[PDB]
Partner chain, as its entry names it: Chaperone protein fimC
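Read the single chain below, which is given as structure tokens and is the form solved without its partner chain.
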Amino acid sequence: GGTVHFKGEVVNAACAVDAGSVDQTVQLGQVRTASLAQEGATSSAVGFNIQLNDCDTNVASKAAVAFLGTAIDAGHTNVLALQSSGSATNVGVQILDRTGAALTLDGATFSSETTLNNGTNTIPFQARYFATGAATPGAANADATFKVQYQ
């Protein structure tokens, strides 16, 4: 059972990041080697949310999220590498925003801007496997951190 673990920062800003959202794990399901048999193959995406509380739209009207993690290789900068352990090979984890596109993982590429209401707001995401070749079985755990940008 593969996972991706997210950790954010608790910081004073226009909103307060929810204490559940700031440290969470997403379950990606078993790695099906046959359905990830060639570069570009993807698994079925799994949803997760980053919830923001007590937002004040006089301070910021929009929010976006940037993720940081090890890119699986230079040719796939929007695919997270897996933790070492034997771990699965030729497969990593992607993070998608509401546009459906996978995000670059360098801490400076922000997701689709989301217009805030006062109070609580949810920014929805998805995670999935992305094959860089013929995947091989093994543990599939990834990690990323995130930061919220307000405008």
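Rigid core: the largest C-alpha set superposing within 1.5 Å between the two forms. Residue numbers count along the first chain shown, from 1.
In none of the other PDB entries of this protein that model the residues around it does residue 43 lack coordinates, well short of a third. In the record comparison, residue 58 is unmodelled in at least a third of the other entries of this protein that model the residues flanking it. The deposited sequence places 1 to 3 unmodelled residues between residue 85 and residue 86.
Judged by mean Cα B factor in the deposited record, 36-44 ranks above the other of 55-63 and 36-44.
The question of which stretch, 108-116 or 26-34, has the higher mean Cα B factor is settled in favour of 26-34.
When the Cα B-factors of 89, 122, 126, 70 are read from the PDB record, 89 comes out highest. Remark: of 11, 142, 14, 19, 11 shows the highest value [criterion: C-alpha B-factor in the PDB entry].
The same protein also exists as the form solved in complex with its partner chain; that form is not shown, yet it is the one meant from here on.
Using a 4.5 Å cutoff between non-hydrogen atoms, residue 50 counts as a contact of its partner chain in the deposited complex. Of the residues listed here (142, 135, 17, 127), only one shifts its CA by 2 angstroms or more between the shown form and the other one after fitting on the rigid core, and it is 17. Comparing the forms between the shown form and the other one, the C-alpha position of residue 70 differs by less than 2 angstroms, with the core used for superposition.
Residue 61: CA moves 2 Å or more between the shown form and the other one after rigid-core fitting. Between residue 21 and residue 77, the Cα distance is greater in the deposited complex than in this structure, by no less than 3 angstroms. A change of 3 Å or more separates the two forms for residue 20 and residue 48: their C-alpha atoms lie closer together in the deposited complex.
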